[PDB]
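A.B. asks: Chains as they are written, first to last, in the authors' numbering: chain X, 13 to 171; chain Y, 13 to 171; chain W, 13 to 171; chain H, 13 to 171; chain D, 13 to 171; chain B, 13 to 171.
There are 6 protein chains.
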Amino acid sequence: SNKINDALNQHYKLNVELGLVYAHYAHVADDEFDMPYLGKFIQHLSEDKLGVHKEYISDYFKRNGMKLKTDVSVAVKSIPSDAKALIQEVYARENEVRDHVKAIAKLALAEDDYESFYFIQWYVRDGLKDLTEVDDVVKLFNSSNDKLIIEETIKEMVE
Amino acid sequence: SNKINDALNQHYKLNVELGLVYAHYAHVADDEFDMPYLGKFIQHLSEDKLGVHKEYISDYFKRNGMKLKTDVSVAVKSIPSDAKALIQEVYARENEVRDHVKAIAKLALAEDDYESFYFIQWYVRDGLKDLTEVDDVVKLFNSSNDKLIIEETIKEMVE
Amino acid sequence: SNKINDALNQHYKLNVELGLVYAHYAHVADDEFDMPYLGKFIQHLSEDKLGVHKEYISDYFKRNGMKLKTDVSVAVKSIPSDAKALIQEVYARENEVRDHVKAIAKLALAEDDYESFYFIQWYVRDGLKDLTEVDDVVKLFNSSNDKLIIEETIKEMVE
Amino acid sequence: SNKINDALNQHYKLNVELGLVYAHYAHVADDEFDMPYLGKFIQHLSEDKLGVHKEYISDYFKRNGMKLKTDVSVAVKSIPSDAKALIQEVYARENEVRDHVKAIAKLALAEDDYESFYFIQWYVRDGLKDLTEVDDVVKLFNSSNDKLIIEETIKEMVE
Amino acid sequence: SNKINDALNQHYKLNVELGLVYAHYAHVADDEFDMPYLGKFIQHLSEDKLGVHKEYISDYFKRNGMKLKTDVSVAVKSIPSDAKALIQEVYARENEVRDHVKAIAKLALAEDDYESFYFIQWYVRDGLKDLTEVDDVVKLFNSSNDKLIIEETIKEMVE
Amino acid sequence: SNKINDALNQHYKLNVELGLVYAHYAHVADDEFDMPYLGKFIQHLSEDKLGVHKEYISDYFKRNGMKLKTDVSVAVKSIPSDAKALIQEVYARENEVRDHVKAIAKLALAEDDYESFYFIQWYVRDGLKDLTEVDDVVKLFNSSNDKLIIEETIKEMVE
Ligand SMILES: [Cl-]
Ligand SMILES: [Cl-]
Ligand SMILES: [Cl-]
Ligand SMILES: [Cl-]
Ligand SMILES: [Cl-]
Ligand SMILES: [Cl-]
Ligand SMILES: [Fe+3]
Ligand SMILES: [Fe+3]
Ligand SMILES: [Fe+3]
Ligand SMILES: [Fe+3]
Ligand SMILES: [Fe+3]
Ligand SMILES: [Fe+3]
Ligand SMILES: [Fe+3]
Ligand SMILES: [Fe+3]
Ligand SMILES: [Fe+3]
Ligand SMILES: [Fe+3]
Ligand SMILES: [Fe+3]
Ligand SMILES: [Fe+3]
Ligand SMILES: [Fe+3]
Ligand SMILES: [Fe+3]
Ligand SMILES: [Fe+3]
Ligand SMILES: [Fe+3]
Ligand SMILES: [Fe+3]
Ligand SMILES: [Fe+3]
């Protein structure tokens, strides 16, 4: 399906662009906000998006004959003002990923593309786990007013 | 130094953009040219550029107080016509990286930035090894007319 | 070079005098400020300066024929008022060390003393790592108002 | 006791200043007198004085409430003329240490400071062992006219 | 750079020619001067110069595109008269190597050849260690009048 | 025997000069002809000639009282045009070595020098094995038109 090919190419672009934004946010968490474990948490998200998250699509295209497109444009022009806002922004972007992944599943059933429906199954499930891990971190900031206490808790999540 | 900060931000951008191009070329080597080990060779170059090659700069900025900029724009709009041309293009881009890395070293001595001169030392040395590994592969294509013989030789270089 | 010999003798004196000051500060961190892990952190800096930091120079002189001078004068006549100020003072002295080490590198190139330029390379690189470790500790004091939380974090840095 | 506090601060100063002198003598033994094992023997004495010898006092002050003073002034302005003279000078300084340590013990009993009397017990005993080890080396120079034979014997004492 | 290519070809020639001279001196140390451990010490220097010392240059040329020249002319037409003189001559030749290596470093910075500057860094550092090891042996001959005592000491340096 | 001494000194010179030529040929095999395993094969021949092949003679002289002469002159002024020609030239030089070694054996029996006859026995036997190993490689070039197939076969001979 051309429409599935386009939607998965769009998802490839999103994984790349968010990975590059997260790499920036991870640097800022450590460098500006004094939170190196928040930085490590966000760096692992960055490495996933620039790693297996994009390679699964590229490899899927190799098997079903679809075409890969590389077209990337992203600039980090402002930064959230503090660390809570930073992880809140990460969360908002991970929810956008959920919406897109669900749209792809719906479209695959529409087009009777059961290979793509089964392929996208991993994203549906795994992305919900990624979103809850991110949500847990956001909340640390409502459970403690102390940045070093929050860091200690995050340390167990990047373990 | 502002000028060193700018040049290292430019080198960060180059590592990112080439990493994304190499990821595309690795896919094409396997998918279109039937050369999965050429694909693996090019994928390892992609993973280096999107990995430690960019993280060393970002981490260096954290120590000396420089500012990181994320501004990325790259589109793969044409593909070399066969596998020799593909690895020849990779080689040409790796030589552009050599030129930039040398310009940074020269500028660091000019500015009496001995921390940056010592930091760039790794790129000078390592990039020469990366360029010779790439040059070895290009040459396989002049040593054999058989794609499966070349693949077998490449297999020992991605080992 | 006489001028390099003088500058490295001055750096030997600085390492000795700061080592003795840091030994005092480490005692005060534990004894007056109730922070024994801050004390241990500062004691390891003291042991480096009175240990390998000075022995590398002395050993370097043995190989290139330079002359060692021992002329030491230091008195600790006032103490910073609290623990944050104490580690802030440590940081200010470590930046003075960076400035001197860079001056030596510049002078070695001027004099075409490539042995000394290569010998000072370790100080340039390593001193930047020491300065960032110290800067991390200073910041704990902006990330937490609780001395026992900061101690727990420092414990992982003296590990 | 103020008088014990002063005498132990004086002993701290002596350990520091002799440690710095011994570090110089160790360098000269190797560099000028061609005796690197004599150098190693004297370096271990230097490391003791700048290490545990001074840290025991500093740590003792932490327990009994005394105050530490850092006030150091030492310059190495002449060097003994040959290696026998060098180790003979070391011996003379180690005897001065014996005299001071004994004065502290006598004063502690006078002041009914039984904690300090018991604390100084280690210095009384250990310093006698250090003085006999040094005396053994001095004598090598009366038992052999050959510097390489003496070095071989010293090698077993720095083992 | 042609001038760097020429200077490194000259350094390749020097390593070869000195290696052949040292091989002769090692034979003479054992055969004529009854000092087989002095012979072994000098043989290891010979094997370094005819081994990695020359192969590093040859391999460096392979990576940066320079041209290797083999043009060798050396004759051992006289021999130092005793063993001290023999190791003194070795020392004089190792100092000539230091001078040439430094000239290459200076020229590389002049030509903005930062690859060659970084490549020559090993020679600058390592050659200073080789020169001090050789200087230690020369001195044995001033520390003992007995050839079998000196041999025993050398035995620990060829270990 | 003076005549045996001269012939073994000539054989020492030949081993040295061929070793230096082979070192050049090994570099060219890899650098110009894209055959790094041919290069490794030729490098091992180079290391033998500059190593044990010459040290056996030098050590033999030490036992029977003969005199060693070092007089070396060799320049590589042209290179065979392709890789087959290169290994063919190596073969021709190894046959010259066979002729000289046989002349020495004949002369030793003439002079009733049974020590030299027995000493040269190793060269007679071993040099025939070296010549057949070289001949096997030459032939690869008649058994395959593909340089990467030949390389793979050579890989098992440098194993
Ligand atoms: Cl389907
Ligand atoms: Cl600097
Ligand atoms: Cl130099
Ligand atoms: Cl008491
Ligand atoms: Cl360069
Ligand atoms: Cl015989
Ligand atoms: Fe920080
Ligand atoms: Fe994951
Ligand atoms: Fe349907
Ligand atoms: Fe395929
Ligand atoms: Fe790498
Ligand atoms: Fe300058
Ligand atoms: Fe306390
Ligand atoms: Fe350190
Ligand atoms: Fe200059
Ligand atoms: Fe010495
Ligand atoms: Fe002791
Ligand atoms: Fe009493
Ligand atoms: Fe002998
Ligand atoms: Fe070496
Ligand atoms: Fe310049
Ligand atoms: Fe090549
Ligand atoms: Fe052999
Ligand atoms: Fe006969």
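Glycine included, C-beta positions come from ideal geometry on N, C-alpha and C.
Expressed to the nearest angstrom, what Euclidean distance is found between the alpha-carbon atoms of X/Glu101 and W/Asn76?
C.D. replies: Approximately 58 angstroms, taken between the alpha carbons.
A.B. asks: Compare the C-alpha of B/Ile16 against each of B/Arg110, B/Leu119, B/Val40 and name the closest.
C.D. replies: Comparing Cα positions, the closest option is B/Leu119.
A.B. asks: Whose Cβ in chain Y lies nearer than 7 angstroms to the Cβ of D/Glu127?
C.D. replies: Correct list: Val136, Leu140.
A.B. asks: To the nearest angstrom, how far is the alpha carbon of D/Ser155 from that of D/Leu50?
C.D. replies: Each residue's alpha carbon lies about 16 angstroms from the other.
A.B. asks: Would you please verify whether the beta carbon of D/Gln55 is less than 8 angstroms from any beta carbon of chain W?
C.D. replies: Not one chain W Cβ lies under 8 angstroms of D/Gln55.
A.B. asks: Would you call the region 101-118 of chain W in contact with the region 38-50 of chain W, where contact means no fewer than 3 C-beta pairs closer than 8 angstroms?
C.D. replies: The region 101-118 of chain W, when compared against the region 38-50 of chain W, does not touch it at the 8 angstroms Cβ threshold.
A.B. asks: Across which residues does DSSP place B/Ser58 in a beta bridge pair?
C.D. replies: For B/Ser58, which the question treats as bridged, DSSP gives no partner whatsoever.
A.B. asks: Taking the straight line between their C-alpha atoms, what separation do you get for B/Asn107 and B/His65?
C.D. replies: Cα to Cα, the separation comes out at about 16 angstroms.
A.B. asks: Helix, strand or coil for Y/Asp147 per DSSP?
C.D. replies: Three-state result, Y/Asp147: helix.
A.B. asks: For a contact defined as C-beta to C-beta under 7 angstroms, what are the partners of W/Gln133 on chain Y?
C.D. replies: Per Cβ cutoff of 7 angstroms: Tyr130.
A.B. asks: Could you tell me the distance, in whole angstroms, from the CA atom of Y/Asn27 to the CA atom of B/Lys61?
C.D. replies: In a straight line, the C-alpha of Y/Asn27 is about 46 angstroms away from that of B/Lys61.
A.B. asks: Does any residue of chain H have a CB that is nearer than 8 angstroms to the CB of D/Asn107?
C.D. replies: Output row for D/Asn107: interface = no.
A.B. asks: With distances taken between CB atoms, is the gap from B/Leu20 to B/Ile54 smaller than 8 angstroms?
C.D. replies: No, Cβ-Cβ distance for B/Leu20 and B/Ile54 is not below 8 angstroms.
A.B. asks: Nearest-angstrom Cα distance between B/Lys151 and B/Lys159?
C.D. replies: Straight-line Cα distance between these residues: approximately 13 angstroms.
A.B. asks: Tell me, please, whether the CB atom of W/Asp147 is closer than 8 angstroms to any CB atom in chain D?
C.D. replies: Taking Cβ atoms only, chain D never reaches closer than 8 angstroms to W/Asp147, which makes this a no.
A.B. asks: Less than 7 angstroms separating the Cβ of H/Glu168 from some heavy atom of ligand 4?
C.D. replies: Answer for H/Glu168: no, Cβ out of range of ligand 4.
A.B. asks: Sort out for me which residues DSSP pairs residue 6 of chain D with in a bridge.
C.D. replies: Outside the modelled stretch of chain D, which goes from 13 to 171, sits residue 6 of chain D, for which no answer is possible.
A.B. asks: Nearest chain W C-beta to H/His39 closer than 8 angstroms, yes or no?
C.D. replies: Output row for H/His39: interface = yes.
A.B. asks: So within the region 64-133 of chain B, which uninterrupted alpha helix (DSSP H) runs reach at least 4 residues, ignoring any that extend past its ends?
C.D. replies: Listed in chain order, the complete alpha helix (DSSP H) runs (minimum 4 residues) inside the region 64-133 of chain B are 64-76, 95-122.
A.B. asks: Would you be able to state if there are at least three C-beta pairs under 8 angstroms between the region 79-90 of chain Y and the region 79-94 of chain X?
C.D. replies: Yes, the region 79-94 of chain X is in contact with the region 79-90 of chain Y.
A.B. asks: From D/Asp124, D/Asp125, D/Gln133, pick the residue whose C-alpha is nearest to that of W/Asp125; which is it?
C.D. replies: Of D/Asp124, D/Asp125, D/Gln133, the residue nearest in Cα terms is D/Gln133.
A.B. asks: Which residues in chain D sit within 8 angstroms of W/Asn76, going by Cβ to Cβ distance?
C.D. replies: Simply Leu140.
A.B. asks: Could you have a look at H/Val28 and say whether DSSP puts it in helix, strand or coil?
C.D. replies: Helix, per DSSP.
A.B. asks: Can you give the Cα-Cα distance for D/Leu30 and H/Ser58, rounded to whole angstroms?
C.D. replies: Cα-Cα distance, rounded: 42 angstroms.
A.B. asks: Identify, in the order they occur along the chain, each residue of the same chain with its Cβ nearer than 6 angstroms to the Cβ of X/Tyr135, setting aside the five sequence neighbours on each side.
C.D. replies: The answer, listed in chain order, is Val113.
A.B. asks: Quick one: is residue 209 of chain X buried, meaning 16 or more other Cβ sit within 10 Å of its Cβ, or exposed?
C.D. replies: Limits of chain X in this structure are 13 at one end and 171 at the other, which puts residue 209 of chain X out of reach.
A.B. asks: Give the residues of chain Y in contact with D/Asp124, contact being defined as C-beta atoms less than 8 angstroms apart.
C.D. replies: Under the 8 angstroms cutoff, chain Y gives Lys114, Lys118.
A.B. asks: Listed in chain order, which residues are found with a beta carbon closer than 7 angstroms to a heavy atom of ligand 24?
C.D. replies: The answer, residue by residue, is B/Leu121, B/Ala122, B/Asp124.
A.B. asks: Is the beta carbon of X/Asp142 within less than 7 angstroms of some heavy atom of ligand 8?
C.D. replies: Checking every heavy atom of ligand 8 against the Cβ of X/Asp142, one is found closer than 7 angstroms.
A.B. asks: Mind pulling the chain B residues with CB within less than 8 angstroms of D/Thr165?
C.D. replies: Neighbours of D/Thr165 on chain B: none; closest Cβ ~23 angstroms, over 8 angstroms.
A.B. asks: Let me know the secondary structure DSSP gives H/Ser13 once reduced to three states.
C.D. replies: H/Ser13 falls in the coil class under three-state DSSP.
A.B. asks: Quick check on the burial criterion: 16 or more other C-beta atoms within 10 angstroms. Buried or exposed for Y/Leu140?
C.D. replies: Classification for Y/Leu140: buried.
A.B. asks: Sorry if obvious, but does the Cβ on Y/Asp94 come closer than 7 angstroms to a heavy atom of ligand 10?
C.D. replies: No, the Cβ of Y/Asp94 stays beyond 7 angstroms of every heavy atom of ligand 10.
A.B. asks: Closest to W/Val33 by C-alpha separation, out of W/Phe153, W/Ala117, W/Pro92, W/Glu163, would be which residue?
C.D. replies: The shortest C-alpha separation from W/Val33 is found at W/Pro92.
A.B. asks: In angstroms, rounded to a whole number, what distance separates the CA positions of H/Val146 and H/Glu171?
C.D. replies: Near 15 angstroms, if we compare the C-alpha coordinates of H/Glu171 and H/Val146.
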